[PDB]
Amino acid sequence: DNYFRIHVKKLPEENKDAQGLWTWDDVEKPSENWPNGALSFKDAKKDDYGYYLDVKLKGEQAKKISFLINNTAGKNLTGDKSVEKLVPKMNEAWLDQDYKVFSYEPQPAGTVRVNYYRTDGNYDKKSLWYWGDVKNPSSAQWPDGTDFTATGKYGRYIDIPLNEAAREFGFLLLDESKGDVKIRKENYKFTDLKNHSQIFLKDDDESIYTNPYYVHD
Ligand SMILES: OC[C@H]1O[C@H](O[C@H]2[C@H](O)[C@@H](O)[C@@H](O[C@H]3[C@H](O)[C@@H](O)[C@@H](O[C@H]4[C@H](O)[C@@H](O)[C@@H](O)O[C@@H]4CO)O[C@@H]3CO)O[C@@H]2CO)[C@H](O)[C@@H](O)[C@@H]1O
Ligand SMILES: OC[C@H]1O[C@H](O[C@H]2[C@H](O)[C@@H](O)[C@@H](O[C@H]3[C@H](O)[C@@H](O)[C@@H](O)O[C@@H]3CO)O[C@@H]2CO)[C@H](O)[C@@H](O)[C@@H]1O
Ligand SMILES: [Zn+2]
Ligand SMILES: [Zn+2]
Ligand SMILES: [Zn+2]
C-alpha cells in the first residue's frame, strides 16, 4: 500500500549485510536509532541494474523522499540524497555508481535510449529517423527508419550509439504505414545528450521529455 522503490547500482562497500537505507521526510516511519534503525540491504532484492529496497510512504500526499546509505558503524556513505515525486504516480528512483539520482534507469555511457509510447497501438510500423552526433545516422532510403521493436517500461525504445562527447541530436518519429510518414512534420532537436541517457516521447507530442512522467523540465 504505497511504497517507493529505490534502486542502487552499487553499494559503497563490499558487504550488503553491513549496509542499510536510512530515510526521512515523506516516509511513513523515518529511520531512528542510528545506524541500525536503517533498512538493511541484507534483505535487498536484485534486478538487472543492482539492488532495490521498497520504502513505505507517509502518503499521500507524500512528495519528498530523503535517504542515504549508511553502515553498521557508523558512516554516512553516500551523503544525503532527496527525490521529489514529479507526479503522485512516480514510484521509483535509481541511484547510480556516483550516487546521482534519476527518475528512470540510467543506461550505459555512450548511448541515448529513445523511448516512444503510443496511447494506442502500434508500434508496428513505427520507426526513428535520426541524425547529428550519432555513430550511425539514418542511411537509409526514406522513409526507413530504425524500427521501434524493443519493449521497455516506457513504451518501445531504441538505443543509439553516441560517439565523442555527444552534444545534440535530431530525429523524426515515423509511421511507415502512411503516405505521409512523419507523425510530426518538423524536425525534433535535442541538446542535453550529456546530462541524460534516456529521453521520453509519446504519440505526436511536440515535447521531448526528460522523465517518464511526461512533465516539463
Ligand atoms: O531537522 C532535522 C534534520 O533533518 C534531516 O536530517 C537528516 C540528516 O541530514 C542525515 O544525514 C541523517 O542524519 C544522521 C547522520 O547522518 C548520522 O551521522 C547520525 O548522527 C550521529 C553522529 O554521527 C554521531 O557523531 C553522534 O553524535 O550521534 C549522531 C546521532 O544523530 O544520525 C543522524 C540522524 O539521527 O538523517 C537525518 C534525518 O534523520 C535534514 O537533512 C536536516 O537538514 C535537518 O536539520
Ligand atoms: O538524414 C538527415 C535529414 O533527415 C531529415 O530529412 C528528410 C526529410 O525530412 C524527408 O522529407 C526526406 O526528404 C527528401 C525527399 O524524400 C526527396 O524527394 C527530396 O526532396 O529530397 C529530400 C532530402 O531532403 O528525406 C530526408 C532525409 O534524407 C531531416 O528533416 C533533415 O533535417 C536531416 O538533415
Ligand atoms: Zn519490496
Ligand atoms: Zn523499418
Ligand atoms: Zn536537461
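For reference, positions follow the sequence shown, starting with 1.
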Tell me if a side-chain donor or acceptor on [X] pairs with a main-chain N or O of [Y] at a distance below 3.5 Å.
{"X": "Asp204", "Y": "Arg184", "result": "no"}
{"X": "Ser138", "Y": "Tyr130", "result": "yes"}
{"X": "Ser31", "Y": "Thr23", "result": "yes"}
{"X": "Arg5", "Y": "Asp54", "result": "no"}
{"X": "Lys63", "Y": "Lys85", "result": "yes"}
{"X": "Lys58", "Y": "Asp25", "result": "no"}
{"X": "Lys16", "Y": "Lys42", "result": "yes"}
{"X": "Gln141", "Y": "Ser139", "result": "no"}

Rounded to the nearest 0.5 Å, what separation is found between the [atom1] atom of [X] and the [atom2] atom of [Y]?
{"X": "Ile65", "Y": "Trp24", "atom1": "CD1", "atom2": "CH2", "result": "12.0 Å"}
{"X": "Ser177", "Y": "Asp124", "atom1": "OG", "atom2": "CG", "result": "10.0 Å"}
{"X": "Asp192", "Y": "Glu168", "atom1": "CG", "atom2": "CD", "result": "11.0 Å"}

Nearest heavy-atom pair of [X] and [Y]: which atoms, and what distance?
{"X": "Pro35", "Y": "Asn70", "result": "O-ND2, 3.1 Å"}
{"X": "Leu201", "Y": "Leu173", "result": "CD1-CD2, 4.1 Å"}
{"X": "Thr78", "Y": "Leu68", "result": "OG1-CA, 3.4 Å"}
{"X": "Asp205", "Y": "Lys202", "result": "OD2-NZ, 2.7 Å"}
{"X": "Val101", "Y": "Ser82", "result": "CG2-O, 4.5 Å"}
{"X": "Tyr51", "Y": "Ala44", "result": "CD2-CB, 3.7 Å"}

(request) Taking side-chain hydrogen bond (donor to acceptor under 3.5 Å, both in side chains) as the test, write out the residues that go with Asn187, two or more places apart. (result)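 By the side-chain hydrogen bond (donor to acceptor under 3.5 Å, both in side chains) rule, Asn187 matches no residue at all.
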(message) Suppose we screen for side-chain hydrogen bond (donor to acceptor under 3.5 Å, both in side chains). Which residues come up paired with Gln198, at least two apart in sequence or across chains?
(response)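 Partners of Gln198 by the side-chain hydrogen bond (donor to acceptor under 3.5 Å, both in side chains) criterion, ordered by chain and then number, come out as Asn115.
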Below 4.5 Å, heavy atoms only, C-beta onward: do [X] and [Y] meet side chain to side chain?
{"X": "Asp48", "Y": "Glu105", "value": "yes"}
{"X": "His7", "Y": "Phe102", "value": "no"}
{"X": "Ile160", "Y": "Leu128", "value": "yes"}
{"X": "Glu164", "Y": "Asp133", "value": "no"}
{"X": "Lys185", "Y": "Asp180", "value": "yes"}
{"X": "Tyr104", "Y": "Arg113", "value": "no"}
{"X": "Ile69", "Y": "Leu95", "value": "yes"}
{"X": "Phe67", "Y": "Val27", "value": "no"}

Give a yes or no on this: more than 12 heavy atoms of other residues, nucleotides or ligands lie within 6.0 Å of atom [atom1] of [X].
{"X": "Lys29", "atom1": "NZ", "answer": "no"}
{"X": "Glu32", "atom1": "CD", "answer": "no"}
{"X": "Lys194", "atom1": "NZ", "answer": "yes"}
{"X": "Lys9", "atom1": "NZ", "answer": "yes"}
{"X": "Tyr3", "atom1": "OH", "answer": "no"}
{"X": "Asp1", "atom1": "CG", "answer": "no"}

Assess, by modelled atom type and distance only, whether the side chains of [X] and [Y] contain a donor and an acceptor separated by less than 3.5 Å.
{"X": "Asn71", "Y": "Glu13", "result": "yes"}
{"X": "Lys10", "Y": "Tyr99", "result": "yes"}
{"X": "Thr119", "Y": "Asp203", "result": "yes"}

(request) Verify side-chain contact (heavy atoms from CB on, under 4.5 Å) between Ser127 and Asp147, making sure each step is shown before the conclusion. (result) CA-CA 4 Å; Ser127 72; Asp147 286 345; 3.8 Å; yes
(message) Looking at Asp98 and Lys100, is any side-chain nitrogen of the basic one under 4.0 Å from a carboxylate oxygen of the acidic one?
(response)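 Answer for the salt bridge query: yes.
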(message) Looking at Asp120 and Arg118, is there a salt bridge between them, counting it only when a charged N and a carboxylate O are closer than 4.0 Å?
(response)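 Result for this pair is yes, salt bridge flagged.
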(request) Take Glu28 and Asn2 through the side-chain contact (heavy atoms from CB on, under 4.5 Å) test and state the conclusion after the steps. (result) CA-CA 10 Å; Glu28 198 184 76; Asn2 201 207; over 6 Å; no
(request) Among residues two or more places apart or on two chains, list those pairs meeting ring pair (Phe, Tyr, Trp, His ring centres under 6.0 Å) that have a residue in residues 133-152. (result)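 Matches after skipping sequence neighbours: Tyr116-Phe148, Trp129-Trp142.
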Can you hop from [X] to [Y] via hydrophobic side chains spaced under 4.5 Å?
{"X": "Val83", "Y": "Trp94", "answer": "no"}
{"X": "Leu193", "Y": "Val114", "answer": "yes"}
{"X": "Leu172", "Y": "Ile183", "answer": "no"}
{"X": "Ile199", "Y": "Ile158", "answer": "yes"}
{"X": "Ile208", "Y": "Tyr157", "answer": "no"}

(message) Test ring-ring contact (aromatic ring centres under 6.0 Å, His included) on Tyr209 and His216; report intermediate values, then the result.
(response) CA-CA 6 Å; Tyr209 300 101; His216 291 104; 4.9 Å; yes
(message) Using side-chain contact (heavy atoms from CB on, under 4.5 Å), reason through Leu162 and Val112 one step at a time and then give a plain yes or no.
(response) CA-CA 7 Å; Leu162 258 25; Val112 64; 3.5 Å; yes
For the residue pair [X] and [Y], categorise the inter-ring angle as parallel (less than 30°), tilted (30 to 60°) or perpendicular (more than 60°).
{"X": "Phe171", "Y": "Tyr188", "result": "parallel"}
{"X": "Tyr117", "Y": "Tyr214", "result": "tilted"}
{"X": "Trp22", "Y": "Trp34", "result": "perpendicular"}

